[PDB]
């Protein structure tokens, strides 16, 4: 329904994310929404993210949204 965050360029494992890298586009699969765009920025991932790769929950190491499953590692 809404636009999800997808990596515009290709980044290796453990790479800091930036605003110009994360793109809020409405494409599948629906990974992480653009709610914590400025918050997730700076943190690195545990898996590799090629071009046009949506933000996945398993790819993020320490999730910033501490609601139910995501939160502290």
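So this one's solution NMR, going by the header.
Note that Cβ sites are derived from N, Cα and C of the backbone, with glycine treated the same way.
Positions annotated as domain 'AFP-like 1' by Swiss-Prot: 4-63.
For residue 9 (site 'Important for ice-binding'), the same-chain residues lying six or more positions away in sequence with a CB closer than 8 A to its CB are 21, 51. Among the features that Swiss-Prot reports, site 'Important for ice-binding' is placed at 9 (among others), with the record citing similarity to another entry.
DSSP assigns residue 14 (site 'Important for ice-binding') to coil in the three-state reduction, placing it in neither a helix nor a strand. Contacts of residue 14 (site 'Important for ice-binding') defined by a Cβ separation under 8 A and a same-chain sequence distance of 6+ are given as 44, 45, 46, in order along the sequence. What Swiss-Prot records for 14 (among others) is site 'Important for ice-binding', and it gives similarity to another entry as the kind of evidence.
Within 10 Å of the Cβ of residue 18 (site 'Important for ice-binding') there are 13 other Cβ atoms, across all protein chains. The site 'Important for ice-binding' feature in Swiss-Prot is assigned to 18 (among others).
For residue 44 (site 'Important for ice-binding'), the Cβ neighbour count at a 10 Å cut-off comes to 14, with all displayed protein chains included. Taken from Swiss-Prot, the feature site 'Important for ice-binding' applies to 44 (among others), supported by similarity to another entry.
Counting residues 6+ beyond its ends, the region 'Linker' (65-70) has Cβ neighbours under 8 Å at 35-36, 57 in the same chain. The region 'Linker' feature in Swiss-Prot is assigned to 65-70.
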